[PDB]
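Any value given below was found using the heavy atoms of this structure, including those in side chains, with hydrogens, waters and symmetry copies removed. Counting from 1, the numbers follow the sequence of the chain as shown.
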Amino acid sequence: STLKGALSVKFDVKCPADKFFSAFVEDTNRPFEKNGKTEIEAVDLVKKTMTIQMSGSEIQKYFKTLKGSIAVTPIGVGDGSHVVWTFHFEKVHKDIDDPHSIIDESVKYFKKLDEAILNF
């Protein structure tokens, strides 16, 4: 299938995973664009894992199918944690670019979600 695929980035966050995941899960109540639509397809508040459906007249100009799955993992003891993110997608047509910009920005969104918790 020349349309399906995914892109997953793994990076580190300064604060413990327990507050990181919960804070992210809560912020998904706010859409990610004007006509944004998110939907919880899977979630586990113990292991800190969640899959979400995300659509909107904008992000839909490229992906007819886009899901974002997060998985957070504490590093040490109160020393930060890992945070892998994915966009299990299905583009409208094969010429659409893989979501390298949508995920680099997701990472930006996460680097800030870490600074806001850490200092608040």
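Atoms CD1 and OG1, on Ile96 and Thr2 in that order, are 11.5 Å from each other to the nearest 0.5 Å. In this structure, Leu7 CG and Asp98 CG are separated by 6.5 Å, a value rounded to the nearest 0.5 Å. Note that the CD1 atom of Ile70 and the CZ atom of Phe24 stand 5.0 Å from one another [nearest 0.5 Å]. For the atom pair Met54 CE and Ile102 CD1, the distance stands at 9.0 Å (nearest 0.5 Å). Note that OG of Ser106 and CZ of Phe11 are 8.5 Å apart. Values are rounded to the nearest 0.5 Å. Here NZ of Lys67 is found 11.5 Å from CD1 of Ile52. Values are rounded to the nearest 0.5 Å.
Contact check for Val92 versus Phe63: no side-chain heavy atoms found under the 4.5 Å cut-off. Between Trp85 and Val107, every side-chain heavy-atom pair lies at or beyond the 4.5 Å cut-off.
For residues 12-22, the pairs satisfying side chain to side chain donor-acceptor pair (under 3.5 Å) are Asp12-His82, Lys14-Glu115, with sequence neighbours left out. Pairs engaging residues 40-53 under the salt bridge (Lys or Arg N to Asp or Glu O under 4.0 Å) rule: none recorded [sequence neighbours left out].
The two atoms that bring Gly36 and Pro31 nearest to each other are O-CB, 3.4 Å, heavy atoms only. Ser81 and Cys15 make their closest contact through OG-O, 3.2 Å (heavy atoms, listed as atom of the first residue, atom of the second, distance). Across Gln53 and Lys37, no two heavy atoms sit closer than the pair NE2-NZ, 2.8 Å.
Applying the side-chain contact (heavy atoms from CB on, under 4.5 Å) criterion to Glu90, with sequence neighbours excluded, gives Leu3, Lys4, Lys64, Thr65.
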Run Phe110 and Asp114 through side-chain contact (heavy atoms from CB on, under 4.5 Å) and show every step you take. CA-CA 6 Å; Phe110 284 130; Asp114 192 24; over 6 Å; no

Assess the residue pair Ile59 and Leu66 against the criterion (side-chain contact (heavy atoms from CB on, under 4.5 Å)); give the C-alpha distance rounded to whole Å, side-chain angles, the decisive distance to 0.1 Å, and a yes or no. CA-CA 9 Å; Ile59 186 54; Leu66 185 63; 3.6 Å; yes

ring-ring contact (aromatic ring centres under 6.0 Å, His included) assessment of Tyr62 paired with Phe89: CA-CA 10 Å; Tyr62 314 75; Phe89 60 81; over 10 Å; no

Passes side-chain contact (heavy atoms from CB on, under 4.5 Å), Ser55 versus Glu39? Steps please. CA-CA 9 Å; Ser55 48; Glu39 179 89 345; over 6 Å; no

Candidate pair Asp97 and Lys91, rule salt bridge (charged side-chain N to carboxylate O under 4.0 Å, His left out), full reasoning: CA-CA 9 Å; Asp97 288 351; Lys91 309 168 182 190; over 6 Å; no

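Judged by distance alone, the side chain of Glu26 and the main-chain N or O of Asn29 form no donor-acceptor pair under 3.5 Å. Checking side-chain atoms of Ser69 against main-chain N and O of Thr86 turns up no donor-acceptor pair under 3.5 Å.
Neither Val84 nor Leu113 shares a network with the other; the hydrophobic side chains, linked directly or stepwise wherever heavy atoms of I, L, V, M, F, W or Y lie under 4.5 Å apart, form separate groups for each. Note on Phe20 and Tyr109: same hydrophobic cluster, where clusters join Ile, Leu, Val, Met, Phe, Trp and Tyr whose side-chain heavy atoms are under 4.5 Å apart, directly or indirectly. Under the 4.5 Å side-chain heavy-atom criterion for ILVMFWY residues, no single connected hydrophobic cluster contains both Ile75 and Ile117.
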